[PDB]
$ cat entry_36.pdb   # PDB, C-alpha atoms and all ligand atoms
ATOM      1  CA  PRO E   4     -38.439 -46.211 -33.564  1.00  0.00           C
ATOM      2  CA  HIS E   5     -36.504 -43.235 -32.195  1.00  0.00           C
ATOM      3  CA  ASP E   6     -33.957 -44.065 -29.484  1.00  0.00           C
ATOM      4  CA  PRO E   7     -32.549 -41.644 -26.862  1.00  0.00           C
ATOM      5  CA  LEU E   8     -29.204 -43.416 -27.301  1.00  0.00           C
ATOM      6  CA  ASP E   9     -28.903 -42.002 -30.798  1.00  0.00           C
ATOM      7  CA  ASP E  10     -29.582 -38.494 -29.479  1.00  0.00           C
ATOM      8  CA  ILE E  11     -26.893 -38.631 -26.791  1.00  0.00           C
ATOM      9  CA  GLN E  12     -24.515 -40.379 -29.212  1.00  0.00           C
ATOM     10  CA  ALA E  13     -24.649 -37.371 -31.532  1.00  0.00           C
ATOM     11  CA  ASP E  14     -24.044 -34.903 -28.680  1.00  0.00           C
ATOM     12  CA  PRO E  15     -20.543 -33.546 -29.486  1.00  0.00           C
ATOM     13  CA  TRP E  16     -20.056 -32.542 -25.848  1.00  0.00           C
ATOM     14  CA  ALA E  17     -21.430 -35.599 -24.045  1.00  0.00           C
ATOM     15  CA  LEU E  18     -18.395 -37.159 -22.377  1.00  0.00           C
ATOM     16  CA  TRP E  19     -17.948 -40.921 -22.266  1.00  0.00           C
ATOM     17  CA  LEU E  20     -15.909 -42.871 -19.738  1.00  0.00           C
ATOM     18  CA  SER E  21     -15.771 -46.285 -18.041  1.00  0.00           C
ATOM     19  CA  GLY E  22     -14.808 -46.818 -14.410  1.00  0.00           C
ATOM     20  CA  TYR E  33     -29.589 -44.562 -15.096  1.00  0.00           C
ATOM     21  CA  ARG E  34     -30.675 -45.195 -18.670  1.00  0.00           C
ATOM     22  CA  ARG E  35     -29.366 -48.525 -19.903  1.00  0.00           C
ATOM     23  CA  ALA E  36     -28.451 -49.446 -23.458  1.00  0.00           C
ATOM     24  CA  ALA E  37     -26.263 -51.920 -25.300  1.00  0.00           C
ATOM     25  CA  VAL E  38     -24.285 -52.149 -28.500  1.00  0.00           C
ATOM     26  CA  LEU E  39     -23.094 -55.224 -30.355  1.00  0.00           C
ATOM     27  CA  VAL E  40     -19.351 -55.287 -30.995  1.00  0.00           C
ATOM     28  CA  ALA E  41     -19.059 -58.067 -33.561  1.00  0.00           C
ATOM     29  CA  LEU E  42     -15.575 -59.160 -34.652  1.00  0.00           C
ATOM     30  CA  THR E  43     -14.957 -61.499 -37.604  1.00  0.00           C
ATOM     31  CA  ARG E  44     -13.256 -64.835 -36.975  1.00  0.00           C
ATOM     32  CA  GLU E  45     -10.139 -64.215 -39.061  1.00  0.00           C
ATOM     33  CA  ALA E  46      -6.449 -63.301 -39.032  1.00  0.00           C
ATOM     34  CA  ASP E  47      -7.012 -59.535 -39.181  1.00  0.00           C
ATOM     35  CA  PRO E  48     -10.423 -59.188 -37.441  1.00  0.00           C
ATOM     36  CA  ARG E  49     -12.872 -56.649 -38.797  1.00  0.00           C
ATOM     37  CA  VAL E  50     -15.379 -54.882 -36.568  1.00  0.00           C
ATOM     38  CA  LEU E  51     -18.984 -54.422 -37.649  1.00  0.00           C
ATOM     39  CA  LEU E  52     -19.863 -50.732 -37.681  1.00  0.00           C
ATOM     40  CA  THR E  53     -22.612 -48.695 -39.283  1.00  0.00           C
ATOM     41  CA  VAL E  54     -23.014 -45.249 -40.766  1.00  0.00           C
ATOM     42  CA  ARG E  55     -26.486 -44.007 -39.876  1.00  0.00           C
ATOM     43  CA  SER E  56     -28.740 -42.427 -42.507  1.00  0.00           C
ATOM     44  CA  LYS E  63     -21.863 -36.762 -42.458  1.00  0.00           C
ATOM     45  CA  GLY E  64     -23.674 -39.741 -40.932  1.00  0.00           C
ATOM     46  CA  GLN E  65     -23.279 -40.862 -37.329  1.00  0.00           C
ATOM     47  CA  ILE E  66     -20.856 -43.803 -37.089  1.00  0.00           C
ATOM     48  CA  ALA E  67     -22.014 -46.322 -34.488  1.00  0.00           C
ATOM     49  CA  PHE E  68     -22.191 -49.978 -33.497  1.00  0.00           C
ATOM     50  CA  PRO E  69     -25.575 -51.683 -33.946  1.00  0.00           C
ATOM     51  CA  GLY E  70     -27.414 -50.943 -30.707  1.00  0.00           C
ATOM     52  CA  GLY E  71     -30.013 -49.150 -28.645  1.00  0.00           C
ATOM     53  CA  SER E  72     -31.741 -48.820 -25.282  1.00  0.00           C
ATOM     54  CA  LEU E  73     -32.806 -51.976 -23.462  1.00  0.00           C
ATOM     55  CA  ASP E  74     -36.553 -52.555 -23.713  1.00  0.00           C
ATOM     56  CA  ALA E  75     -38.356 -53.383 -20.472  1.00  0.00           C
ATOM     57  CA  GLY E  76     -37.333 -56.782 -19.138  1.00  0.00           C
ATOM     58  CA  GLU E  77     -34.664 -57.155 -21.838  1.00  0.00           C
ATOM     59  CA  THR E  78     -30.993 -57.840 -20.995  1.00  0.00           C
ATOM     60  CA  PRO E  79     -27.973 -56.097 -22.557  1.00  0.00           C
ATOM     61  CA  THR E  80     -27.157 -59.167 -24.656  1.00  0.00           C
ATOM     62  CA  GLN E  81     -30.740 -59.527 -25.913  1.00  0.00           C
ATOM     63  CA  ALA E  82     -30.828 -55.835 -26.840  1.00  0.00           C
ATOM     64  CA  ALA E  83     -27.481 -55.905 -28.650  1.00  0.00           C
ATOM     65  CA  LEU E  84     -28.465 -58.982 -30.699  1.00  0.00           C
ATOM     66  CA  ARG E  85     -31.954 -57.670 -31.514  1.00  0.00           C
ATOM     67  CA  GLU E  86     -30.527 -54.339 -32.627  1.00  0.00           C
ATOM     68  CA  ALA E  87     -27.943 -55.915 -34.930  1.00  0.00           C
ATOM     69  CA  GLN E  88     -30.713 -58.074 -36.409  1.00  0.00           C
ATOM     70  CA  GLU E  89     -33.149 -55.162 -36.780  1.00  0.00           C
ATOM     71  CA  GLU E  90     -30.490 -52.864 -38.247  1.00  0.00           C
ATOM     72  CA  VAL E  91     -28.459 -55.028 -40.641  1.00  0.00           C
ATOM     73  CA  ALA E  92     -30.224 -58.385 -40.494  1.00  0.00           C
ATOM     74  CA  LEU E  93     -27.419 -60.023 -38.526  1.00  0.00           C
ATOM     75  CA  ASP E  94     -28.782 -63.380 -37.344  1.00  0.00           C
ATOM     76  CA  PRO E  95     -28.184 -63.660 -33.564  1.00  0.00           C
ATOM     77  CA  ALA E  96     -27.358 -67.345 -33.999  1.00  0.00           C
ATOM     78  CA  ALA E  97     -24.438 -66.268 -36.212  1.00  0.00           C
ATOM     79  CA  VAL E  98     -22.931 -64.560 -33.175  1.00  0.00           C
ATOM     80  CA  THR E  99     -20.739 -66.294 -30.592  1.00  0.00           C
ATOM     81  CA  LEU E 100     -21.002 -64.253 -27.400  1.00  0.00           C
ATOM     82  CA  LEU E 101     -17.576 -63.411 -25.993  1.00  0.00           C
ATOM     83  CA  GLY E 102     -18.796 -61.511 -22.986  1.00  0.00           C
ATOM     84  CA  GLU E 103     -18.796 -57.739 -22.664  1.00  0.00           C
ATOM     85  CA  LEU E 104     -16.391 -54.853 -22.309  1.00  0.00           C
ATOM     86  CA  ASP E 105     -16.710 -52.492 -19.356  1.00  0.00           C
ATOM     87  CA  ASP E 106     -19.775 -50.286 -19.453  1.00  0.00           C
ATOM     88  CA  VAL E 107     -19.126 -46.844 -20.873  1.00  0.00           C
ATOM     89  CA  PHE E 108     -21.276 -44.026 -19.565  1.00  0.00           C
ATOM     90  CA  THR E 109     -21.939 -40.311 -19.787  1.00  0.00           C
ATOM     91  CA  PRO E 110     -22.727 -37.966 -16.835  1.00  0.00           C
ATOM     92  CA  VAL E 111     -26.179 -37.041 -18.180  1.00  0.00           C
ATOM     93  CA  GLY E 112     -27.443 -40.541 -17.410  1.00  0.00           C
ATOM     94  CA  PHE E 113     -26.679 -43.241 -19.956  1.00  0.00           C
ATOM     95  CA  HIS E 114     -24.967 -46.568 -19.317  1.00  0.00           C
ATOM     96  CA  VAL E 115     -23.965 -48.579 -22.377  1.00  0.00           C
ATOM     97  CA  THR E 116     -22.988 -52.248 -22.242  1.00  0.00           C
ATOM     98  CA  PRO E 117     -20.760 -53.231 -25.147  1.00  0.00           C
ATOM     99  CA  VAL E 118     -21.664 -56.871 -25.864  1.00  0.00           C
ATOM    100  CA  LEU E 119     -18.829 -58.705 -27.610  1.00  0.00           C
ATOM    101  CA  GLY E 120     -19.464 -61.324 -30.261  1.00  0.00           C
ATOM    102  CA  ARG E 121     -17.622 -63.204 -32.972  1.00  0.00           C
ATOM    103  CA  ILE E 122     -18.976 -63.972 -36.407  1.00  0.00           C
ATOM    104  CA  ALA E 123     -17.694 -65.800 -39.455  1.00  0.00           C
ATOM    105  CA  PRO E 124     -16.163 -63.348 -41.950  1.00  0.00           C
ATOM    106  CA  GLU E 125     -18.667 -64.591 -44.526  1.00  0.00           C
ATOM    107  CA  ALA E 126     -21.538 -63.431 -42.313  1.00  0.00           C
ATOM    108  CA  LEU E 127     -20.801 -59.863 -43.430  1.00  0.00           C
ATOM    109  CA  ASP E 128     -21.452 -60.633 -47.099  1.00  0.00           C
ATOM    110  CA  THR E 129     -25.212 -61.069 -46.727  1.00  0.00           C
ATOM    111  CA  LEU E 130     -26.079 -58.422 -44.165  1.00  0.00           C
ATOM    112  CA  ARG E 131     -28.852 -56.133 -45.366  1.00  0.00           C
ATOM    113  CA  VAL E 132     -29.098 -52.528 -44.391  1.00  0.00           C
ATOM    114  CA  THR E 133     -32.469 -51.290 -43.144  1.00  0.00           C
ATOM    115  CA  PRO E 134     -33.586 -47.624 -43.492  1.00  0.00           C
ATOM    116  CA  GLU E 135     -31.900 -46.407 -40.293  1.00  0.00           C
ATOM    117  CA  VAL E 136     -28.487 -47.562 -41.590  1.00  0.00           C
ATOM    118  CA  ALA E 137     -26.918 -45.962 -44.697  1.00  0.00           C
ATOM    119  CA  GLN E 138     -23.961 -48.298 -45.028  1.00  0.00           C
ATOM    120  CA  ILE E 139     -22.004 -51.006 -43.263  1.00  0.00           C
ATOM    121  CA  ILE E 140     -18.313 -50.342 -42.634  1.00  0.00           C
ATOM    122  CA  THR E 141     -15.841 -52.888 -41.328  1.00  0.00           C
ATOM    123  CA  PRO E 142     -12.543 -51.365 -40.166  1.00  0.00           C
ATOM    124  CA  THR E 143      -9.886 -53.959 -39.440  1.00  0.00           C
ATOM    125  CA  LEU E 144      -8.489 -53.857 -35.903  1.00  0.00           C
ATOM    126  CA  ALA E 145      -4.991 -53.500 -37.378  1.00  0.00           C
ATOM    127  CA  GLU E 146      -6.138 -50.490 -39.379  1.00  0.00           C
ATOM    128  CA  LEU E 147      -7.747 -48.796 -36.372  1.00  0.00           C
ATOM    129  CA  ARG E 148      -4.543 -49.379 -34.399  1.00  0.00           C
ATOM    130  CA  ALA E 149      -2.514 -47.784 -37.232  1.00  0.00           C
ATOM    131  CA  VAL E 150      -4.677 -44.733 -37.921  1.00  0.00           C
ATOM    132  CA  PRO E 151      -3.435 -41.423 -36.462  1.00  0.00           C
ATOM    133  CA  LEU E 152      -5.520 -41.641 -33.283  1.00  0.00           C
ATOM    134  CA  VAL E 153      -6.751 -38.347 -31.858  1.00  0.00           C
ATOM    135  CA  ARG E 154      -6.398 -38.033 -28.076  1.00  0.00           C
ATOM    136  CA  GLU E 155      -7.990 -35.069 -26.334  1.00  0.00           C
ATOM    137  CA  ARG E 156      -8.952 -34.533 -22.728  1.00  0.00           C
ATOM    138  CA  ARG E 157     -11.768 -32.727 -20.993  1.00  0.00           C
ATOM    139  CA  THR E 158     -12.596 -32.235 -17.362  1.00  0.00           C
ATOM    140  CA  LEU E 159     -15.881 -33.089 -15.690  1.00  0.00           C
ATOM    141  CA  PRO E 160     -17.667 -30.846 -13.127  1.00  0.00           C
ATOM    142  CA  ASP E 161     -15.941 -32.699 -10.283  1.00  0.00           C
ATOM    143  CA  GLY E 162     -12.562 -31.760 -11.717  1.00  0.00           C
ATOM    144  CA  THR E 163     -11.913 -35.269 -13.077  1.00  0.00           C
ATOM    145  CA  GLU E 164      -9.912 -35.427 -16.308  1.00  0.00           C
ATOM    146  CA  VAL E 165     -11.252 -37.727 -19.010  1.00  0.00           C
ATOM    147  CA  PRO E 166      -9.683 -38.965 -22.263  1.00  0.00           C
ATOM    148  CA  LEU E 167     -11.546 -38.454 -25.560  1.00  0.00           C
ATOM    149  CA  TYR E 168     -10.747 -40.418 -28.712  1.00  0.00           C
ATOM    150  CA  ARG E 169     -11.280 -40.127 -32.430  1.00  0.00           C
ATOM    151  CA  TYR E 170     -10.281 -42.648 -35.074  1.00  0.00           C
ATOM    152  CA  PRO E 171      -9.770 -41.021 -38.507  1.00  0.00           C
ATOM    153  CA  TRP E 172     -10.531 -43.981 -40.777  1.00  0.00           C
ATOM    154  CA  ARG E 173     -10.716 -43.687 -44.575  1.00  0.00           C
ATOM    155  CA  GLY E 174     -12.070 -40.167 -44.508  1.00  0.00           C
ATOM    156  CA  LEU E 175     -14.644 -41.004 -41.860  1.00  0.00           C
ATOM    157  CA  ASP E 176     -14.510 -39.720 -38.295  1.00  0.00           C
ATOM    158  CA  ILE E 177     -15.276 -42.266 -35.575  1.00  0.00           C
ATOM    159  CA  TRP E 178     -15.728 -40.364 -32.296  1.00  0.00           C
ATOM    160  CA  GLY E 179     -17.553 -40.118 -28.976  1.00  0.00           C
ATOM    161  CA  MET E 180     -19.014 -43.204 -27.346  1.00  0.00           C
ATOM    162  CA  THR E 181     -18.164 -45.419 -30.317  1.00  0.00           C
ATOM    163  CA  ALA E 182     -14.478 -44.411 -30.266  1.00  0.00           C
ATOM    164  CA  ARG E 183     -14.311 -44.869 -26.494  1.00  0.00           C
ATOM    165  CA  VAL E 184     -15.641 -48.418 -26.863  1.00  0.00           C
ATOM    166  CA  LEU E 185     -13.320 -49.014 -29.814  1.00  0.00           C
ATOM    167  CA  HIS E 186     -10.265 -47.853 -27.860  1.00  0.00           C
ATOM    168  CA  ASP E 187     -11.192 -50.096 -24.934  1.00  0.00           C
ATOM    169  CA  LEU E 188     -11.655 -53.007 -27.362  1.00  0.00           C
ATOM    170  CA  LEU E 189      -8.232 -52.315 -28.828  1.00  0.00           C
ATOM    171  CA  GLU E 190      -6.716 -52.320 -25.313  1.00  0.00           C
TER     172      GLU E 190
HETATM  173 MG    MG I   1     -33.555 -49.369 -32.195  1.00  0.00          MG
END

$ encode --input "entry_36.pdb" --output "structure tokens" --more "lines below"
Ligand SMILES: [Mg+2]
Amino acid sequence: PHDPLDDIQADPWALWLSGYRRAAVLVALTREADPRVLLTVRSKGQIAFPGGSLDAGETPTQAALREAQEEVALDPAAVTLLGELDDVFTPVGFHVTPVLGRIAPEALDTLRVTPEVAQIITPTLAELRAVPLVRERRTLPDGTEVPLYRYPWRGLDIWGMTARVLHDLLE
């Protein structure tokens, strides 16, 4: 189904920060030396973590796991929940809970893309830390400055909410 989260996520001018519509994304890291992060390229495609809006009566963790399973067939039982990062949000009215999880590196080998996902990409955390990070800043209506990030990885452009979550994960 269509999710408002995907609309706001593609809004080039929607600002994301951390500090009424609720959503969650799964931030799965492989259990290895140089951890890889599970990311998707939606059917240039929108780069995002598996995720979506919470259904009624559903928690952030349940949503994140369901979305990863619906999108790339990631079995929730393959995920060890590590807790969550701080919520990231945008003025318009979206609160996103990044749910952290750890999976075996092998788990990636058998994931299966569904129609809404074009490909699965797995940047290594080392790589994302080494890429020439783009740091811009915009000001909100209240006059508050806010940092914007963009990770130029292998020709792809990871930006917006996803990059904000990524940067927080890296810090
Ligand atoms: Mg969905």

$ closest_atom_pairs --input "entry_36.pdb" --of "chain E" --to "ligand MG 1 (chain I)" --cutoff "10 Å" --atoms "only C-alpha atoms and all ligand atoms" --output "Markdown table"
| residue | atom | partner | partner_atom | distance |
| --- | --- | --- | --- | --- |
| E:4 | CA | I:MG1 | MG | 6.0 |
| E:5 | CA | I:MG1 | MG | 6.8 |
| E:6 | CA | I:MG1 | MG | 6.0 |
| E:7 | CA | I:MG1 | MG | 9.4 |
| E:8 | CA | I:MG1 | MG | 8.8 |
| E:9 | CA | I:MG1 | MG | 8.8 |
| E:69 | CA | I:MG1 | MG | 8.5 |
| E:70 | CA | I:MG1 | MG | 6.5 |
| E:71 | CA | I:MG1 | MG | 5.0 |
| E:72 | CA | I:MG1 | MG | 7.2 |
| E:73 | CA | I:MG1 | MG | 9.1 |
| E:74 | CA | I:MG1 | MG | 9.5 |
| E:82 | CA | I:MG1 | MG | 8.8 |
| E:83 | CA | I:MG1 | MG | 9.6 |
| E:85 | CA | I:MG1 | MG | 8.5 |
| E:86 | CA | I:MG1 | MG | 5.8 |
| E:87 | CA | I:MG1 | MG | 9.0 |
| E:89 | CA | I:MG1 | MG | 7.4 |
| E:90 | CA | I:MG1 | MG | 7.6 |
| E:135 | CA | I:MG1 | MG | 8.8 |

$ write_last_selection --input "entry_36.pdb" --atoms "C-alpha atoms" --output "PDB file, keeping the file's coordinate frame"
ATOM      1  CA  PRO E   4     -38.439 -46.211 -33.564  1.00  0.00           C
ATOM      2  CA  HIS E   5     -36.504 -43.235 -32.195  1.00  0.00           C
ATOM      3  CA  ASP E   6     -33.957 -44.065 -29.484  1.00  0.00           C
ATOM      4  CA  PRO E   7     -32.549 -41.644 -26.862  1.00  0.00           C
ATOM      5  CA  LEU E   8     -29.204 -43.416 -27.301  1.00  0.00           C
ATOM      6  CA  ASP E   9     -28.903 -42.002 -30.798  1.00  0.00           C
ATOM      7  CA  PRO E  69     -25.575 -51.683 -33.946  1.00  0.00           C
ATOM      8  CA  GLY E  70     -27.414 -50.943 -30.707  1.00  0.00           C
ATOM      9  CA  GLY E  71     -30.013 -49.150 -28.645  1.00  0.00           C
ATOM     10  CA  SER E  72     -31.741 -48.820 -25.282  1.00  0.00           C
ATOM     11  CA  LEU E  73     -32.806 -51.976 -23.462  1.00  0.00           C
ATOM     12  CA  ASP E  74     -36.553 -52.555 -23.713  1.00  0.00           C
ATOM     13  CA  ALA E  82     -30.828 -55.835 -26.840  1.00  0.00           C
ATOM     14  CA  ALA E  83     -27.481 -55.905 -28.650  1.00  0.00           C
ATOM     15  CA  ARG E  85     -31.954 -57.670 -31.514  1.00  0.00           C
ATOM     16  CA  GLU E  86     -30.527 -54.339 -32.627  1.00  0.00           C
ATOM     17  CA  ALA E  87     -27.943 -55.915 -34.930  1.00  0.00           C
ATOM     18  CA  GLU E  89     -33.149 -55.162 -36.780  1.00  0.00           C
ATOM     19  CA  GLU E  90     -30.490 -52.864 -38.247  1.00  0.00           C
ATOM     20  CA  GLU E 135     -31.900 -46.407 -40.293  1.00  0.00           C
TER      21      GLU E 135
END

$ resolve_selection --input "entry_36.pdb" --expression "the PyMOL selection byres (((chain E and resi 131-134) around 7) and not hetatm)" --output "ChimeraX atom specification"
/E:90-92,129-130,135-138

$ closest_residue --input "entry_36.pdb" --among "E:178, E:165, E:117, E:139" --to "residue 55 (chain E)" --atoms "only C-alpha atoms"
E:139

$ closest_atom_pairs --input "entry_36.pdb" --of "region 10-85 of chain E" --to "region 140-154 of chain E" --cutoff "6 Å" --atoms "only C-alpha atoms" --output "tab-separated table"
residue	atom	partner	partner_atom	distance
E:48	CA	E:143	CA	5.6
E:49	CA	E:143	CA	4.1
E:50	CA	E:141	CA	5.2
E:51	CA	E:141	CA	5.1
E:52	CA	E:140	CA	5.2
E:53	CA	E:140	CA	5.7

$ resolve_selection --input "entry_36.pdb" --expression "the PyMOL selection byres (((chain E and resi 40) around 7) and not hetatm)" --output "list in words"
residues 38, 39, 41, 42, 50, 51, 68, 117, 118, 119 and 120 of chain E

$ atom_distance --input "entry_36.pdb" --atom1 "CA of residue 183 (chain E)" --atom2 "CA of residue 84 (chain E)"
20.4 Å

$ residues_around --input "entry_36.pdb" --residues "region 121-125 of chain E" --least-positions-apart "6" --cutoff "6 Å" --atoms "only C-alpha atoms" --output "list in words"
residues 41, 42, 43, 44, 97, 98 and 99 of chain E

$ closest_residue --input "entry_36.pdb" --among "E:94, E:10, E:45, E:106" --to "residue 188 (chain E)" --atoms "only C-alpha atoms"
E:106

$ closest_residue --input "entry_36.pdb" --among "E:54, E:157, E:17, E:182" --to "residue 169 (chain E)" --atoms "only C-alpha atoms"
E:182

$ resolve_selection --input "entry_36.pdb" --expression "the PyMOL selection byres (((chain E and resi 33) around 8) and not hetatm)" --output "JSON, numbers by chain"
{"E": [34, 35, 112, 113, 114]}

$ atom_distance --input "entry_36.pdb" --atom1 "CA of residue 67 (chain E)" --atom2 "CA of residue 110 (chain E)"
19.5 Å

$ atom_distance --input "entry_36.pdb" --atom1 "CA of residue 187 (chain E)" --atom2 "CA of residue 170 (chain E)"
12.6 Å

$ axis_aligned_box --input "entry_36.pdb" --around "region 91-110 of chain E" --padding-each-side "4 Å" --output "lines of an AutoDock Vina configuration file"
center_x = -23.3
center_y = -52.7
center_z = -28.7
size_x = 21.8
size_y = 37.4
size_z = 31.8

$ closest_residue --input "entry_36.pdb" --among "E:184, E:101, E:167, E:13" --to "residue 64 (chain E)" --atoms "only C-alpha atoms"
E:13

$ closest_residue --input "entry_36.pdb" --among "E:116, E:12, E:109, E:158" --to "residue 66 (chain E)" --atoms "only C-alpha atoms"
E:12

$ closest_residue --input "entry_36.pdb" --among "E:190, E:105, E:47, E:77" --to "residue 22 (chain E)" --atoms "only C-alpha atoms"
E:105

$ decode --input "entry_36.pdb" --residues "region 44-67 of chain E" --atoms "N, CA and C atoms" --output "PDB file, in the first residue's frame"
ATOM      1  N   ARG E  44      26.379  -8.598  11.923  1.00  0.00           N
ATOM      2  CA  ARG E  44      27.249  -8.964  13.030  1.00  0.00           C
ATOM      3  C   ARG E  44      28.603  -9.366  12.445  1.00  0.00           C
ATOM      4  N   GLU E  45      29.443  -8.372  12.167  1.00  0.00           N
ATOM      5  CA  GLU E  45      30.758  -8.630  11.606  1.00  0.00           C
ATOM      6  C   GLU E  45      31.744  -7.510  11.914  1.00  0.00           C
ATOM      7  N   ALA E  46      32.999  -7.730  11.539  1.00  0.00           N
ATOM      8  CA  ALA E  46      34.071  -6.774  11.772  1.00  0.00           C
ATOM      9  C   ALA E  46      33.711  -5.382  11.275  1.00  0.00           C
ATOM     10  N   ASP E  47      33.445  -5.290   9.975  1.00  0.00           N
ATOM     11  CA  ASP E  47      33.070  -4.034   9.321  1.00  0.00           C
ATOM     12  C   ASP E  47      31.578  -4.152   9.011  1.00  0.00           C
ATOM     13  N   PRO E  48      30.721  -3.802   9.984  1.00  0.00           N
ATOM     14  CA  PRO E  48      29.264  -3.872   9.847  1.00  0.00           C
ATOM     15  C   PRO E  48      28.692  -3.195   8.620  1.00  0.00           C
ATOM     16  N   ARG E  49      27.743  -3.866   7.985  1.00  0.00           N
ATOM     17  CA  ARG E  49      27.064  -3.313   6.825  1.00  0.00           C
ATOM     18  C   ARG E  49      25.670  -2.956   7.303  1.00  0.00           C
ATOM     19  N   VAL E  50      25.084  -1.932   6.695  1.00  0.00           N
ATOM     20  CA  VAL E  50      23.747  -1.492   7.061  1.00  0.00           C
ATOM     21  C   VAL E  50      22.795  -1.838   5.924  1.00  0.00           C
ATOM     22  N   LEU E  51      21.652  -2.410   6.272  1.00  0.00           N
ATOM     23  CA  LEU E  51      20.665  -2.788   5.272  1.00  0.00           C
ATOM     24  C   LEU E  51      19.868  -1.585   4.777  1.00  0.00           C
ATOM     25  N   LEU E  52      20.057  -1.251   3.506  1.00  0.00           N
ATOM     26  CA  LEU E  52      19.340  -0.142   2.898  1.00  0.00           C
ATOM     27  C   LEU E  52      18.686  -0.612   1.610  1.00  0.00           C
ATOM     28  N   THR E  53      17.711   0.152   1.143  1.00  0.00           N
ATOM     29  CA  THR E  53      17.010  -0.203  -0.075  1.00  0.00           C
ATOM     30  C   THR E  53      16.971   0.964  -1.048  1.00  0.00           C
ATOM     31  N   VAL E  54      16.794   0.629  -2.317  1.00  0.00           N
ATOM     32  CA  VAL E  54      16.639   1.628  -3.352  1.00  0.00           C
ATOM     33  C   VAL E  54      15.226   1.318  -3.822  1.00  0.00           C
ATOM     34  N   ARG E  55      14.313   2.262  -3.640  1.00  0.00           N
ATOM     35  CA  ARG E  55      12.929   2.033  -4.035  1.00  0.00           C
ATOM     36  C   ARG E  55      12.727   2.088  -5.549  1.00  0.00           C
ATOM     37  N   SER E  56      11.773   1.296  -6.028  1.00  0.00           N
ATOM     38  CA  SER E  56      11.461   1.217  -7.453  1.00  0.00           C
ATOM     39  C   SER E  56      10.739   2.465  -7.951  1.00  0.00           C
ATOM     40  N   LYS E  63      16.417   8.479 -10.607  1.00  0.00           N
ATOM     41  CA  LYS E  63      17.086   7.819  -9.492  1.00  0.00           C
ATOM     42  C   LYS E  63      16.092   7.432  -8.393  1.00  0.00           C
ATOM     43  N   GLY E  64      16.201   6.194  -7.909  1.00  0.00           N
ATOM     44  CA  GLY E  64      15.309   5.713  -6.868  1.00  0.00           C
ATOM     45  C   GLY E  64      15.602   6.253  -5.479  1.00  0.00           C
ATOM     46  N   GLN E  65      14.555   6.353  -4.672  1.00  0.00           N
ATOM     47  CA  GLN E  65      14.658   6.843  -3.305  1.00  0.00           C
ATOM     48  C   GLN E  65      15.396   5.836  -2.419  1.00  0.00           C
ATOM     49  N   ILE E  66      16.507   6.253  -1.817  1.00  0.00           N
ATOM     50  CA  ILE E  66      17.255   5.369  -0.925  1.00  0.00           C
ATOM     51  C   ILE E  66      16.658   5.497   0.473  1.00  0.00           C
ATOM     52  N   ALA E  67      16.289   4.369   1.073  1.00  0.00           N
ATOM     53  CA  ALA E  67      15.673   4.392   2.390  1.00  0.00           C
ATOM     54  C   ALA E  67      15.856   3.092   3.152  1.00  0.00           C
TER      55      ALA E  67
END
